[PDB]
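J.: Protein chains in written order, with the entry's author numbering: chain D, 1 to 172; chain B, 1 to 172; chain H, 1 to 172; chain C, 8 to 324; chain A, 8 to 324; chain G, 8 to 324. Questions regarding the structure given below will be posed in turn.
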Amino acid sequence: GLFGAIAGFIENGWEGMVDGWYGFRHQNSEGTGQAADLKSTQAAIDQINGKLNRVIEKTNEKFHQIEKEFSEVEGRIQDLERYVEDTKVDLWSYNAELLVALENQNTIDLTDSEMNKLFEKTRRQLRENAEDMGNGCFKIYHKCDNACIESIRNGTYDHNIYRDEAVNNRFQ
Amino acid sequence: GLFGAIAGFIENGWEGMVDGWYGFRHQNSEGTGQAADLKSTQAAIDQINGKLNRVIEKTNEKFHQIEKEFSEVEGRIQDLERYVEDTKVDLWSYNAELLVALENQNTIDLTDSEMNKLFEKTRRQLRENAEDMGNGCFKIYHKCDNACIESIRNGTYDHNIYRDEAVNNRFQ
Amino acid sequence: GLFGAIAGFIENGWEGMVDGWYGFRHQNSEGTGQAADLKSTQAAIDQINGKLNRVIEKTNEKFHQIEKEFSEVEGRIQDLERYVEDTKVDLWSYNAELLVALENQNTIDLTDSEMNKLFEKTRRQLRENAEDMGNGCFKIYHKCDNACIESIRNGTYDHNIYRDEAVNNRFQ
Amino acid sequence: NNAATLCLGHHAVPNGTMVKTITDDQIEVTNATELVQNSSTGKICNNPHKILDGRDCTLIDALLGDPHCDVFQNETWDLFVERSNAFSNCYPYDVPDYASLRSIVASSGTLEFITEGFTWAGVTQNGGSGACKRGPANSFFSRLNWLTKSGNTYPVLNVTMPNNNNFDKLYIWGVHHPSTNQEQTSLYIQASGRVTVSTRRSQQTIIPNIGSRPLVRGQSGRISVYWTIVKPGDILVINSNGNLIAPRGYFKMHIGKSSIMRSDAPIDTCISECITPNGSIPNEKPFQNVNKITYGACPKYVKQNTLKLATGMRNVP
Amino acid sequence: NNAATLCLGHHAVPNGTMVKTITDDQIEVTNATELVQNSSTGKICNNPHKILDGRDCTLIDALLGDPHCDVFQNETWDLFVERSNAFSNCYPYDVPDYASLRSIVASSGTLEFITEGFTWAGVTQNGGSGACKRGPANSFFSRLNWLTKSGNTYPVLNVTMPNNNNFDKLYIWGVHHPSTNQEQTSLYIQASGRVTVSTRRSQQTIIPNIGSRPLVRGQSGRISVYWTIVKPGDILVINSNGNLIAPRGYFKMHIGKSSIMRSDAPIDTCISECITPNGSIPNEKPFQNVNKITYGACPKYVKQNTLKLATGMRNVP
Amino acid sequence: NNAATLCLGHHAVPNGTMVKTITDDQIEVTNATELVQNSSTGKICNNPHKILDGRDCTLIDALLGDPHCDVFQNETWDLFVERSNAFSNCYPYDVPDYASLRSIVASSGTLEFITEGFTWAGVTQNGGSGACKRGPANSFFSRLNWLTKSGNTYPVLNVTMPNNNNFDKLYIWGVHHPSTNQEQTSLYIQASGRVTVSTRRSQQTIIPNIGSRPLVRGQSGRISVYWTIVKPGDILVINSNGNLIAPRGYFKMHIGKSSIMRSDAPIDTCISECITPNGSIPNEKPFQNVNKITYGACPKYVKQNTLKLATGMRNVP
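In structure tokens:
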């Protein structure tokens with residue numbers, strides 16, 4: 001993908017996470033866990049649904065048209081009837097090939113965006129109290145328990161509180 | 001948007017800035033201000049103008065064509081005339097639906113790029129003398145007055161000069 | 001481009017590099033050099049080749065169609081024949097204009113991605129032992145010879161080894 | 008406990024799907040969806056469109072009134088289904104420009120027939136024939152009227168019938184081409200008839216053509232059929248000295264969503280907007296691969312049997 | 008003063024616009040622009056295209072020379088505007104394949120008529136009629152020549168007229184169908200005429216068709232009209248023993264950008280490349296919603312009444 | 008040596024190419040590729056399609072059997088190449104609906120002719136003419152049979168020929184229109200002939216049309232040509248009292264990829280899937296600018312003479 005998060009610096013996906021598309025797996029003093037992140041999981045499920053018939057009509061409704069099969073050879077006029085259809089079918093057949101190829105490139109890109117934007121909403125919160133390991137996990141350099149993590153996840157985490165202690169465990 | 005700068009980490013847009021699309025609002029010893037940035041404001045206004053008829057012709061010029069309305073019922077031949085038109089109109093009607101949807105996705109993406117590229121031309125200049133607050137503003141950790149800011153904005157700012165003093169105010 | 005690496009923070013391209021699309025030019029104690037990087041040079045050459053007839057058919061094969069030039073004036077029926085063709089030609093002529101313009105925007109974007117993803121696979125390896133100069137080169141702050149560079153390039157470089165010495169040459 | 012580890016990531020699946028993009032012919036994903044409809048229950052749902060099963064009758068024979076199509080008099084349809092096994096069983100005929108007569112009636116969506124008091128002075132009405140029996144008895148197209156001689160003369164017929172209505176009238180009529188001159192005169196006295204139906208604005212004149220044709224239901228003559236539309240305020244005028252096969256009235260013309268389809272699919276009670284000759288189809292998907300021929304609210308025919316749209320992100324187990 | 012604060016950002020607006028993208032049905036933006044032209048001043052600008060107002064005349068009647076269309080002789084147009092209120096006022100007629108005759112003349116863009124010395128030996132020229140008056144006097148189509156008998160005989164006409172020109176010649180002629188035999192013979196002596204116009208490469212033969220038609224300007228006969236094109240170096244040959252309505256000459260044919268439109272819009276002095284039956288339109292926008300019928304340099308007709316392209320970034324006040 | 012410098016970057020070139028994207032009308036790149044084919048060797052490769060050079064013959068004259076087209080009897084083609092310099096050199100003729108006759112035969116892809124034992128009782132077969140010579144001798148279309156009188160009578164011909172084959176039969180025939188009545192009777196005894204070819208399901212009747220036409224190879228009469236298709240299990244019936252130009256047999260009809268093209272390009276030994284009237288073209292590129300007329304596996308005609316796709320990244324020297 002274009003940012004190179006999904007199948008990029010992140011090796012893998014978590015076949016357990018039956019609660020969301022993105023989220024967090026923490027490892028601390030008390031143990032571990034795993035929780036969905038609804039704000040950026042909704043942002044993909046709203047972009048991917050309003051992308052379907054943003055471009056196709058309320059299913060066009062047609063009635064009496066031209067005949068498209070023939071019992072008898074007739075020449076010029078039927079040549080023209082057949083060619084008119086053949087011409088249309090090849091254009092819709094291309095339009096629908098290209099439609100999908102573009103939508104699929106975009107779907108795949110907008111998700112690889114949503115992952116790498118969670119990573120840099122988060123990297124920005126943890127500020128200087130931690131480090132980008134380079135595998136999608138940060139190493140937190142302080143005592144961080146079940147309400148310290150939960151304050152990150154719900155985007156209210158206060159970095160000042162742990163600022164000195166975390167510069168400590170880091171460089172001493 | 002795809003990088004998540006505009007309506008992303010940046011909360012808001014400055015309804016005063018009647019001088020440009022991007023730019024800087026500084027707050028220092030002397031007070032504050034606001035100035036346009038023409039180099040990346042031109043880069044959007046050149047991408048958005050050469051994107052209009054990069055793809056549509058010099059307006060095709062047509063003359064005698066086929067009749068498209070009829071006083072009398074006639075059957076097979078008029079069936080075919082009507083279908084030929086109906087068929088074309090639905091293809092142009094789709095082409096122009098998709099044209100816009102693609103251009104509009106792209107316009108919106110190329111601008112969200114231009115913002116987040118100004119932020120990382122700038123973050124790269126200020127080097128280690130300052131910090132990403134996580135709201136689109138850096139906190140400069142030194143005395144920075146009306147020609148210190150203006151040296152950043154015009155991309156000649158020398159980071160060495162303030163290097164020690166700025167590591168000072170930072171970590172002491 | 002969308003990330004602003006190629007023709008962005010990187011001024012220039014190396015008209016010598018007849019061995020790859022991306023790679024490294026190092027300058028150390030022993031001297032200098034230049035080596036291709038095949039992993040992200042292949043990633044563009046695989047994206048750009050499977051992008052050609054991902055969307056166009058196995059060249060449609062047509063046989064007896066309608067006549068498209070005429071010796072004699074005839075009126076209604078020939079009006080319709082000509083209009084059918086004229087109508088198709090203008091739709092394929094648009095489709096192929098738009099095809100290219102979209103593919104070309106994408107080619108140019110996927111390469112500007114591949115460069116800026118090599119830079120942040122690398123920036124992530126060198127961790128804190130070096131600094132983003134802001135021109136696409138890092139300044140390594142330690143003794144780094146012909147097997148120290150080669151350990152970066154082949155993505156096995158161990159940052160711990162040089163961690164203290166490199167914090168040394170850096171901040172003392 | 009003086010450090011922690013926070014990990015960001017994404018979901019995945021055991022068995023995910025392959026799709027195509029602008030930059031991979033194939034690439035794995037978490038969910039996907041099919042845009043092309045490629046099957047059909049094989050039945051034609053009789054709702055919301057009014058389906059009319061022609062059974063043993065083609066729309067023209069129903070029109071004309073082949074005795075075995077009498078059940079279809081004054082009928083109407085959104086969709087006329089014509090059946091491959093249909094046959095004719097009346098005097099043998101042809102329709103110059105049949106395809107068009109068929110189309111225009113199919114589109115009108117009605118066979119409502121209004122009888123009109125044509126005065127046919129000096130001739131015999133209600134001719135019948137051995138090709139067109141009603142049980143054991145000799146008969147003819149219900150909507151047409153075979154005018155033969157009376158006495159030893161057939162005068163020059165000259166009649167008219169104005170349109171004081173606010174709809175168009177479709178008049179159907181024909182001309183009889185006999186096989187031997189024995190027959191020409193045995194019926195129409197004259198040597199070579201002529202039929203001239205006209206309005207203020209148009210006309211058609213037909214001379215018959217004596218001669219033998221392949222034999223059909225014991226007959227080697229033929230009736231050729233023709234139609235005249237008469238607009239409100241216009242007039243109709245029939246003028247012939249022999250061989251006229253006359254109309255009894257007119258068909259109301261309508262404007263609307265009506266049409267005709269050839270299919271052998273059976274009719275069911277169910278609901279389906281889209282109809283194909285292969286049977287009905289769901290119209291939820293934007294495309295379809297069942298038949299370029301359709302009727303109703305239908306996906307777009309394309310060539311592909313499958314197209315997969317990504318409904319989820321890239322999948323790495 | 009030992010620190011500062013630098014902020015990066017973007018502009019915005021109080022009232023911004025909603026548009027659509029691949030990923031929002033609606034999303035706010037700073038400026039936008041309309042791609043579909045959906046209105047018309049309602050007038051047809053007489054520049055840069057040469058407009059020709061047909062007024063009370065259809066192109067065919069102007070062609071043929073209905074006396075009340077004499078002002079249009081030898082005229083020319085880029086665009087012929089035909090008016091809903093036009094009428095005919097000459098002998099009643101029909102044109103087998105009228106739509107085509109109309110089209111080809113409209114495309115030629117000229118009514119330039121060249122008179123040719125046809126020698127019509129043994130017959131009376133310049134027949135007139137009560138259906139086609141010039142003031143109080145009896146008259147006929149200016150471009151045609153009604154040949155009646157002379158003495159008590161109408162000989163077999165056999166004439167020719169080679170094309171030694173480097174353009175195609177359009178010959179227009181007709182055949183008269185009388186109502187009663189009194190008239191057939193009262194004019195053409197013979198019992199049943201015949202008209203055979205031919206080139207080296209083609210021919211057309213028309214037998215008349217006696218009989219009554221609805222009555223029009225005191226007439227229940229009809230003239231049927233036909234055309235022959237004669238290429239450079241080809242020859243024309245007219246050959247008839249009665250009922251020929253003869254040409255006086257030919258129409259020059261041209262190749263070019265000429266056409267015809269039906270509209271009731273009035274003609275104005277202004278400049279507009281694009282013309283619709285609804286009146287002219289600006290052609291700055293790539294699309295238009297005014298009419299699928301157009302002429303000139305015009306946007307593309309589509310179904311949508313509006314489409315908004317983003318000319319600026321996303322807007323967050 | 009207590010520090011190093013690592014640089015990341017990209018390749019470049021001295022002379023790179025300009026292309027277009029959604030956001031620059033021009034922008035420099037490292038490699039590019041042309042998607043529109045705009046030239047032609049100028050020759051038509053005789054593989055893999057079976058090309059048939061008509062030379063001095065049009066497909067209809069080859070069909071009918073103009074003596075100078077005898078080499079083309081029973082021939083076949085995937086592609087028939089008709090040459091601008093072709094001429095006819097037999098009795099002069101016309102084909103109502105020529106364009107269609109031509110199309111259907113071209114598509115059938117064969118002139119295979121099967122002779123059938125037509126019994127023509129009471130008449131002379133093998134009429135010849137001065138317009139259609141075989142060396143010094145008088146001749147006629149090989150596939151047709153001019154029936155004249157015998158004794159001082161021409162009886163009413165009434166023949167038939169069932170189709171007990173599993174393919175369709177194409178029957179070609181005509182009607183002779185003489186110039187003077189001297190000729191009508193000098194050949195067919197009767198005053199005015201008639202030709203009625205029919206099946207179970209259709210019929211065509213043609214009255215001749217005496218009169219003079221421009222003179223061609225010493226003749227001012229004309230033969231008009233007509234075709235009848237006869238489906239398996241159907242029957243053919245010819246019925247005429249004069250002027251019939253009779254068939255000798257039938258043409259086998261085929262279904263398949265066969266067609267016809269007008270071109271003056273010479274035929275070569277080489278291989279090319281795509282053929283244009285301008286000569287063959289390579290079909291590697293998705294598009295082409297050589298001709299909207301094509302045959303075979305061909306790129307798509309478009310208007311543009313060039314379109315450049317980027318095969319490499321952006322180029323900054």
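Ideal placement from N, C-alpha and C gives every residue a C-beta, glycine not left out.
For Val-130 (chain C) and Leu-151 (chain C), which I take to be in contact (beta-carbon distance under 8 angstroms), what is that distance rounded to the nearest angstrom?
T.: So it is not a contact: roughly 14 angstroms between Cβ atoms.
J.: In this structure, how does DSSP classify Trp-14 (chain B) when only helix, strand and coil are distinguished?
T.: Coil at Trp-14 (chain B), not helix or strand.
J.: Is residue 2 (chain C) helix, strand or coil by DSSP?
T.: Coverage of chain C is limited to positions 8 through 324, which leaves residue 2 (chain C) absent and any answer about it impossible.
J.: Taking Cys-64 (chain A) as the reference, which of A:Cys-139, A:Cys-76 and A:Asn-53 has the closest Cα?
T.: A:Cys-76
J.: Since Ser-115 (chain A) contacts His-18 (chain A) with CB under 8 angstroms, what's their CB separation in whole angstroms?
T.: Not quite, the Cβ-Cβ distance comes to about 58 angstroms (not below 8 angstroms), so this is no contact.
J.: Check distances from the C-beta atoms of the region 104-117 of chain B to those of chain G and list, in chain order, the residues that come in under 7 angstroms.
T.: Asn-106 and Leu-110
J.: If you pair each beta-carbon of the region 272-279 of chain G with each one of the region 41-54 of chain G, do three or more pairs fall below 8 angstroms?
T.: yes
J.: Can you name, in chain order, every residue of its own chain whose Cβ lies under 8 angstroms from the Cβ of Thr-122 (chain D), other than the five neighbours on each side?
T.: Cβ neighbours of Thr-122 (chain D) beyond the five flanking positions: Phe-138 and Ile-152.
J.: Taking its Cβ as the centre, do 16 or more other Cβ atoms sit within 10 Å of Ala-128 (chain C), making it buried, or is it exposed?
T.: exposed
J.: Could you list the residues in the region 105-129 of chain A with a C-beta less than 9 angstroms from some C-beta on chain H, going in chain order?
T.: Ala-106, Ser-107, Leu-108, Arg-109, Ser-110, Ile-111, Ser-114 and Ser-115
J.: My assumption, with CB atoms under 8 angstroms, is that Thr-37 (chain A) sits in contact with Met-320 (chain A). Please give the rounded CB distance.
T.: About 6 angstroms separates the beta carbons of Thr-37 (chain A) and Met-320 (chain A), which is inside the 8 angstroms limit, making them a contact pair.
J.: Could you name the residues of the region 233-245 of chain G whose beta carbon sits closer than 9 angstroms to any beta carbon of chain D, in the order they occur along the chain?
T.: The residues in question are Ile-236 and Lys-238.
J.: Who are the neighbours of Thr-122 (chain D) on chain C, taking C-beta pairs under 9 angstroms?
T.: Residues of chain C with a Cβ closer than 9 angstroms to the Cβ of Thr-122 (chain D) are, in chain order, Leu-13 and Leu-15.
J.: Assign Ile-67 (chain G) to buried or exposed, taking buried as 16 or more other Cβ atoms, counted over all protein chains shown, within 10 Å of its Cβ.
T.: buried
J.: Look at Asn-170 (chain C) and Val-237 (chain C) and say whether their C-beta atoms are less than 7 angstroms apart.
T.: yes
J.: In terms of residue numbering, what span does the alpha helix (DSSP H) encompassing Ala-96 (chain H) cover?
T.: 76-126
J.: If you measure from the beta carbon of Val-100 (chain D) to each beta carbon in chain G, is any gap under 7 angstroms?
T.: no
J.: Tell me whether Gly-124 (chain A) is buried or exposed, calling it buried when 16 or more other Cβ atoms sit within 10 Å of its Cβ.
T.: With fewer than 16 Cβ atoms within 10 Å of its Cβ, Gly-124 (chain A) is classed as exposed.
J.: Do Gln-125 (chain D) and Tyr-157 (chain D) have their C-beta atoms within less than 7 angstroms of each other?
T.: yes
J.: Should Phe-3 (chain D) go down as buried or exposed, given a rule of 16 or more other Cβ atoms within 10 Å for buried?
T.: With 16 or more Cβ atoms within 10 Å of its Cβ, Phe-3 (chain D) is classed as buried.
J.: Got a sec? Which residues, its chain only, sit under 6 angstroms from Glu-69 (chain D) by beta carbon, not counting five neighbours each side?
T.: none
J.: With respect to the alpha helix (DSSP H) encompassing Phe-171 (chain H), which residues constitute its N-terminal and C-terminal limits?
T.: 163-171
J.: Please work out which residues of its chain come closer than 7 angstroms, Cβ to Cβ, to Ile-6 (chain D), disregarding the five sequence neighbours upstream and downstream, and give them in chain order.
T.: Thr-111, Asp-112 and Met-115
J.: How should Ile-121 (chain A) be labelled, buried or exposed, when 16 other C-beta atoms within 10 angstroms of its C-beta is the threshold for buried?
T.: exposed
J.: Between the alpha carbons of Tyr-94 (chain H) and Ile-288 (chain G), how many angstroms are there, rounded?
T.: 22 angstroms
J.: Using DSSP with H/G/I as helix, E/B as strand and the rest coil, what is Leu-38 (chain H)?
T.: Looking at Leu-38 (chain H) - three-state DSSP - the assignment turns out to be helix.
J.: Quick one: residues in its chain with C-beta nearer than 6 angstroms to the C-beta of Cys-139 (chain G), no 5 flanking neighbours on either side, listed in chain order?
T.: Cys-97, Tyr-98, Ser-146 and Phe-147
J.: Who pairs with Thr-24 (chain G) in a beta bridge, going by DSSP?
T.: G:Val-36.
J.: State the start and end residues of the unbroken beta strand (DSSP E) segment that holds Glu-131 (chain B).
T.: Note, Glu-131 (chain B): beta strand (DSSP E), 130-132.
J.: Within 10 angstroms of its Cβ, does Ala-144 (chain G) collect 16 or more other Cβ (buried), or is it exposed?
T.: exposed
J.: The region 194-210 of chain C: which residues have C-beta closer than 8 angstroms to a C-beta of chain A, in chain order?
T.: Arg-201, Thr-203, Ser-205, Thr-206, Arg-207, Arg-208, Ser-209 and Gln-210
J.: Do the region 170-181 of chain A and the region 178-197 of chain G meet, that is, are 3 or more Cβ pairs less than 8 angstroms apart?
T.: no
J.: Using a threshold of 7 angstroms, state whether the C-beta atoms of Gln-33 (chain G) and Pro-306 (chain G) are closer than that.
T.: No, Cβ-Cβ distance for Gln-33 (chain G) and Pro-306 (chain G) is not below 7 angstroms.
J.: Using a C-beta to C-beta distance shorter than 9 angstroms, which residues of chain G count as neighbours of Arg-54 (chain B)?
T.: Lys-27, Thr-28, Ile-29, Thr-30, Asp-31 and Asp-32
J.: For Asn-146 (chain B), I'd like the list of residues in its chain whose CB is within less than 7 angstroms of its CB, leaving aside the five on either flank, ordered along the chain.
T.: Only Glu-30 meet the Cβ criterion.
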